[PDB]
Amino acid sequence: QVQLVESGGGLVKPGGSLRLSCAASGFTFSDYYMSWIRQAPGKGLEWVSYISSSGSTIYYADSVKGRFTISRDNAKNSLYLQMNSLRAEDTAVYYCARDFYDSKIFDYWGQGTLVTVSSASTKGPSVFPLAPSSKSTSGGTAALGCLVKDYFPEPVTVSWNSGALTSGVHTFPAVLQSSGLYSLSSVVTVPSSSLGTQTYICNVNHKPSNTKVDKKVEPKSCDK
Amino acid sequence: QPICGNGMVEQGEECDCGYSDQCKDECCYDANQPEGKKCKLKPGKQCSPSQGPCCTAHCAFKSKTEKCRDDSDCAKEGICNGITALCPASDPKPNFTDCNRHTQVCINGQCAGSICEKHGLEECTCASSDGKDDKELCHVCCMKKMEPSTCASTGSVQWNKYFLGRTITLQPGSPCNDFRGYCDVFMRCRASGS
Amino acid sequence: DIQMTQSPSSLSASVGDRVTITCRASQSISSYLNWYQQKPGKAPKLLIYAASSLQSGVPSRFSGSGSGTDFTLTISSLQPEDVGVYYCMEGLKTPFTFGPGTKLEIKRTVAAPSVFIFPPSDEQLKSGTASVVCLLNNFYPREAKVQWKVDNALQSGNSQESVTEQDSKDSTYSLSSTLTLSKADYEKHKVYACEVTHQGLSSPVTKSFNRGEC
Ligand SMILES: *[C@@H]1O[C@H](CO)[C@@H](O[C@@H]2O[C@H](CO)[C@@H](O)[C@H](O)[C@H]2NC(C)=O)[C@H](O)[C@H]1NC(C)=O
C-alpha cells in the first residue's frame with residue numbers, strides 16, 4: 001500500500017520559521033520524485049516544490065522562493081520542508097505528494113497539516129458533554145455530543161468510542177466566539193436502547209496544546 | 001454540417017457576420033435573413049471583415065503593401081494583396097534560420113528538424129550511465145549522417161566547433177528519450193504513462 | 001502566462017444525471033493533464049490521469065476527453081458518493097497549475113430533519129457561561145430557520161449556526177446552532193426551546209425543555 005504521514009504545523013507568529021516532515025511508509029522512496037502542494041482555508045490547491053530522487057534538482061514557486069528551504073533524506077525516508085520569513089498569506093494546509101516517474105502526475109497524496117500564521121496564543125480546549133434525553137423513548141431515537149469550547153489554533157480530532165463509533169458521527173469546523181475563540185461541537189445519534197445499554201464516550205485529541213481529553217456522555221440523571 | 005451563422009466562413013457562403021442581434025458588420029447579410037440572401041455579401045460591397053484580415057470596415061479591399069500577417073520565426077510579415085480580403089501567403093524566411101528558441105531551424109518556411117542539421121549534422125538521442133540521466137534527455141544532441149556512434153551533446157568538445165559550449169535545451173512539447181517521453185518546462189523528459 | 005478556467009464552478013444535479021466539466025486553457029497546454037477529486041477534511045485523489053485515461057481503483061463511470069485549449073471530464077451517471085470539489089491540473093507546460101475548482105453537490109428527495117435539543121453541562125455553569133445546542137440531522141435541502149424563544153421571548157443572535165456537508169453515503173445534510181449566555185442570563189429566563197422551519201415539516205416542530213433539565 002501507499003501511506004504518507006505529515007507532522008508539524010501549528011501556530012507560528014508572523015515572520016519566523018517552521019519545520020515540516022513527510023514520512024513515506026511503503027514505496028521505493030528512492031525511485032520517485034517528491035513534491036509539496038498547499039491550499040489556503042477557502043481557496044484552491046497550489047503547488048510549492050518539486051524534488052528529485054537524489055537531489056540535483058530542487059524547484060520552488062515564484063511566490064515562495066527565498067522563503068522555503070526544502071530537503072530530503074532517502075535513507076531515513078523523510079521529506080523536510082523548512083520555511084522562513086512567514087507572512088500572513090502562508091496560513092494554509094500543506095500536502096505531501098509523490099510526483100511519480102513523471103507519469104500519473106501525483107499518484108498518491110497525504111492528509112496534510114494546517115499552518116496558522118496568526119499572532120495569537122494557543123489556548124487549552126475545555127470539554128463539556130452534551131447529554132442525551134434522560135426520559136428516553138425506544139426504537140432508536142437518541143443523540144449525544146461533546147463540546148470543545150475555547151480551543152485554538154484550529155486542528156482537533158474527535159474519535160467516539162476510541163474509533164469504534166463511526167456511523168452517525170458528525171463534526172464541522174467551528175466559528176470564532178466574541179473574543180477570538182473557536183468552539184466545536186461533535187454530535188452522534190444512537191439507538192434509544194443503546195443509550196441505556198452501552199457506554200458512549202468521545203475521545204478528543206488537541207495536538208497543539210498537547211492536551212488529550214476523554215469525556216464520557218451520560219444522561220442528566222438528576223436526583224442522585 | 002456547414003451551417004450558416006457560425007462565426008467562421010465555410011464554403012458555399014462568403015460572409016458570416018452572424019445573427020441580426022450581433023451582426024455589427026454591415027457588409028454582410030444577417031444569418032437570420034431570407035435564403036436568397038442567406039449570409040450573402042451585401043450588394044455594392046467589396047469585402048467583409050469576416051472574410052479575412054485584408055478588408056476594411058467600410059466594405060473595401062485593404063490596399064496593397066498593407067500588413068496582414070506579422071513576422072514569425074520562419075515567416076516574414078505578410079502584406080495584403082489588394083485584390084482579396086484574405087492575407088495572402090507569406091514569403092518564407094531563409095533556410096536554416098535559428099528557430100524555436102534556437103532549438104530548431106527554418107526549413108520549408110516552417111520550424112522543424114533541429115539545429116543539428118543547420119551545421120550539416122543530424123539530431124540524435126544521448127544516454128548516460130548513472131545519476132541525472134533525465135537531464136540529458138532534454139539536452140539537444142547531434143550525430144553525423146548515418147553514424148549513430150557519433151552521438152554527443154551540443155555543449156561538448158565534440159561539436160564544439162559548431163555549438164561552442166552551448167548545451168541547447170529542448171523546448172516543452174518536444175519529444176525525448178526516443179519518443180518515450182516529452183520534455184517538460186522543468187527540463188525533465190516525461191511521458192509514455194504508467 | 002497560462003490561465004486555467006473551470007466551468008461550471010457550482011453544480012447541483014440528481015442521481016444518474018450526466019455531468020460534464022470543462023477545463024479551459026489560455027494556450028495549447030499538453031495532454032499531460034490529470035483530474036482530481038477532493039472531499040472536505042480529507043485530501044484530493046486522482047480521478048483521470050492523462051487525456052482519457054482511467055486510474056486503477058477509480059470508478060469506471062468517469063471518462064476524460066479534450067485537446068488543445070479545452071479538456072473535458074464526463075461523469076456518465078452521477079451518484080451520491082460523487083459529491084465533492086473537482087480540479088484539473090495540466091502538465092509539461094505547467095508549473096503544476098490547478099483549475100479554479102468545480103464544486104458538485106447532489107440532489108435528492110426532501111427528508112425529514114431529526115431535531116434534538118441539548119441542554120448545557122453543569123461544569124460550564126460554574127465557569128460563568130452556558131451553551132445550549134439545537135441539532136438538525138439528515139435533511140435536505142440546506143433550508144433552515146432556528147429561533148430561541150427563551151421564556152417565550154424570541155431573542156436571537158447568540159446562536160451561531162454550523163452547517164455540515166453532504167454525507168456521500170445517504171446524500172443528506174446536518175446543522176447545529178449554539179446559544180451562548182452568562183450565569184445571570186441562565187436564571188433570567190424559565191423555559192428554553194429551539195424552533196425549526198424546514199420546508200419538509202408541515203408545522204414548525206419545536207423541541208423544548210424547562211430549566212430543571214430533567
Ligand atoms: C531549403 O528549404 C527546402 C524546403 O524545405 C529544402 O528542401 C528539402 O529540405 C529537406 C531538409 O532535410 C531535405 O531532406 C529535402 O530533400 C529537400 N527537398 C525536398 C524536395 O523536400 C532545401 O534542402 C533547403 N536547402 C536548400 C539549400 O535549398
# chains A, B, ... in the order shown; residues from 1 in each chain; ligands from 1
call {"tool": "residues_near_ligand", "arguments": {"ligand": "ligand 1", "cutoff": "9 Å", "atoms": "only C-alpha atoms and all ligand atoms", "output": "MDAnalysis selection string"}}
result
chainID B and resid 94:96 106:110 113 117
call {"tool": "write_last_selection", "arguments": {"atoms": "C-alpha atoms", "output": "JSON list (two decimals), in the first residue's frame"}}
result
[["chain", "number", "residue", "atom", "x", "y", "z"],
["B", 94, "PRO", "CA", 15.57, 31.93, -45.38],
["B", 95, "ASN", "CA", 16.59, 28.34, -44.76],
["B", 96, "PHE", "CA", 18.27, 27.20, -41.54],
["B", 106, "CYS", "CA", 13.63, 27.27, -40.53],
["B", 107, "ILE", "CA", 13.05, 24.53, -43.10],
["B", 108, "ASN", "CA", 10.36, 24.69, -45.81],
["B", 109, "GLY", "CA", 9.42, 28.10, -44.44],
["B", 110, "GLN", "CA", 8.36, 26.35, -41.22],
["B", 113, "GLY", "CA", 14.10, 19.31, -37.57],
["B", 117, "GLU", "CA", 21.05, 19.89, -39.50]]
call {"tool": "residues_around", "arguments": {"residues": "residue 20 in chain A", "least_positions_apart": "4", "cutoff": "6 Å", "atoms": "only C-alpha atoms", "output": "MDAnalysis selection string"}}
result
chainID A and resid 8 80:81
call {"tool": "interface_residues", "arguments": {"of": "chain A", "to": "chain B", "cutoff": "10 Å", "atoms": "only C-alpha atoms", "output": "compact mmCIF listing (two decimals) with N, CA, C and O atoms, in the first residue's frame"}}
result
# COMPACT_ATOMS: atom_id res chain seq x y z
N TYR A 50 9.18 20.78 -5.99
CA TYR A 50 9.34 19.52 -6.72
C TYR A 50 10.78 19.08 -6.57
O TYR A 50 11.70 19.82 -6.92
N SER A 52 13.89 16.04 -6.79
CA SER A 52 14.40 14.85 -7.45
C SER A 52 14.75 13.78 -6.42
O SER A 52 14.81 14.02 -5.21
N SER A 53 14.98 12.56 -6.93
CA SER A 53 15.21 11.41 -6.06
C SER A 53 16.49 11.57 -5.25
O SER A 53 16.50 11.27 -4.04
N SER A 54 17.58 12.03 -5.87
CA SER A 54 18.84 12.18 -5.14
C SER A 54 19.35 13.60 -5.24
O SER A 54 20.53 13.83 -5.53
N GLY A 55 18.48 14.58 -4.99
CA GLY A 55 18.88 15.96 -5.12
C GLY A 55 19.14 16.34 -6.56
O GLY A 55 18.57 15.77 -7.50
N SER A 56 20.01 17.34 -6.74
CA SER A 56 20.49 17.79 -8.05
C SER A 56 19.40 18.50 -8.84
O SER A 56 19.66 19.01 -9.94
N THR A 57 18.20 18.58 -8.28
CA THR A 57 17.08 19.27 -8.91
C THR A 57 16.09 19.64 -7.83
O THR A 57 15.39 18.78 -7.30
N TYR A 59 13.26 22.61 -7.36
CA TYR A 59 12.50 23.76 -7.83
C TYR A 59 11.56 24.25 -6.74
O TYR A 59 11.17 23.51 -5.84
N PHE A 100 5.46 11.06 -9.64
CA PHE A 100 5.85 9.68 -9.99
C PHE A 100 6.93 9.72 -11.05
O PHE A 100 7.51 10.77 -11.28
N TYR A 101 7.29 8.61 -11.69
CA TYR A 101 8.35 8.82 -12.65
C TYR A 101 7.84 9.76 -13.75
O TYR A 101 7.77 9.36 -14.91
N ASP A 102 7.51 11.01 -13.37
CA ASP A 102 6.83 11.99 -14.22
C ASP A 102 5.73 11.36 -15.06
O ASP A 102 5.70 11.48 -16.28
N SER A 103 4.81 10.67 -14.38
CA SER A 103 3.71 9.98 -15.03
C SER A 103 2.60 9.77 -14.00
O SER A 103 2.89 9.48 -12.84
N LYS A 104 1.35 9.94 -14.43
CA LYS A 104 0.21 9.89 -13.50
C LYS A 104 0.47 10.81 -12.31
O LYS A 104 0.60 10.37 -11.16
N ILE A 105 0.48 12.11 -12.61
CA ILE A 105 1.36 13.11 -12.00
C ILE A 105 1.63 12.86 -10.52
O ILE A 105 2.79 12.68 -10.13
call {"tool": "interface_residues", "arguments": {"of": "chain B", "to": "chain C", "cutoff": "7 Å", "atoms": "only C-alpha atoms", "output": "list in words"}}
result
residues 172, 173, 183, 184 and 185 of chain B
call {"tool": "atom_distance", "arguments": {"atom1": "CA of residue 162 in chain B", "atom2": "CA of residue 120 in chain B"}}
result
9.7 Å
call {"tool": "select_by_dssp", "arguments": {"residues": "chain B", "states": "alpha helix (DSSP H)", "output": "list in words"}}
result
residues 133, 134, 135, 136, 137, 160, 161, 162 and 163 of chain B
call {"tool": "interface_residues", "arguments": {"of": "chain C", "to": "chain A", "cutoff": "6 Å", "atoms": "only C-alpha atoms", "output": "list in words"}}
result
residues 43, 49, 96, 118 and 164 of chain C
call {"tool": "write_last_selection", "arguments": {"atoms": "N, CA, C and O atoms", "output": "mmCIF file, in the first residue's frame"}}
result
data_model
loop_
_atom_site.group_PDB
_atom_site.id
_atom_site.type_symbol
_atom_site.label_atom_id
_atom_site.label_comp_id
_atom_site.auth_asym_id
_atom_site.auth_seq_id
_atom_site.Cartn_x
_atom_site.Cartn_y
_atom_site.Cartn_z
ATOM 1 N N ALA C 43 -8.128 14.564 1.744
ATOM 2 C CA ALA C 43 -7.170 15.015 0.755
ATOM 3 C C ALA C 43 -7.632 14.659 -0.650
ATOM 4 O O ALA C 43 -8.435 13.738 -0.837
ATOM 5 N N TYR C 49 -5.872 10.347 -14.790
ATOM 6 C CA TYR C 49 -4.572 10.729 -15.347
ATOM 7 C C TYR C 49 -4.786 10.833 -16.844
ATOM 8 O O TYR C 49 -5.871 10.464 -17.273
ATOM 9 N N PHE C 96 2.596 23.141 -12.491
ATOM 10 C CA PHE C 96 1.588 22.477 -11.656
ATOM 11 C C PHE C 96 0.458 23.443 -11.292
ATOM 12 O O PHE C 96 0.219 23.775 -10.129
ATOM 13 N N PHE C 118 -30.169 19.973 23.127
ATOM 14 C CA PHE C 118 -29.167 19.596 24.126
ATOM 15 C C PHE C 118 -29.016 20.689 25.173
ATOM 16 O O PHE C 118 -28.543 21.794 24.845
ATOM 17 N N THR C 164 -22.959 21.281 8.288
ATOM 18 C CA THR C 164 -22.055 20.254 7.797
ATOM 19 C C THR C 164 -22.170 20.139 6.277
ATOM 20 O O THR C 164 -22.879 20.902 5.614
#
call {"tool": "atom_distance", "arguments": {"atom1": "CA of residue 76 in chain A", "atom2": "CA of residue 9 in chain A"}}
result
20.3 Å
call {"tool": "select_by_dssp", "arguments": {"residues": "chain C", "states": "strand (DSSP E or B)", "output": "ChimeraX atom specification"}}
result
/C:4-7,12-14,19-25,34-38,45-49,53-54,62-67,70-75,84-89,98,102-107,111,114-118,129-140,146-150,153-155,162-163,167,172-182,191-196,206-210
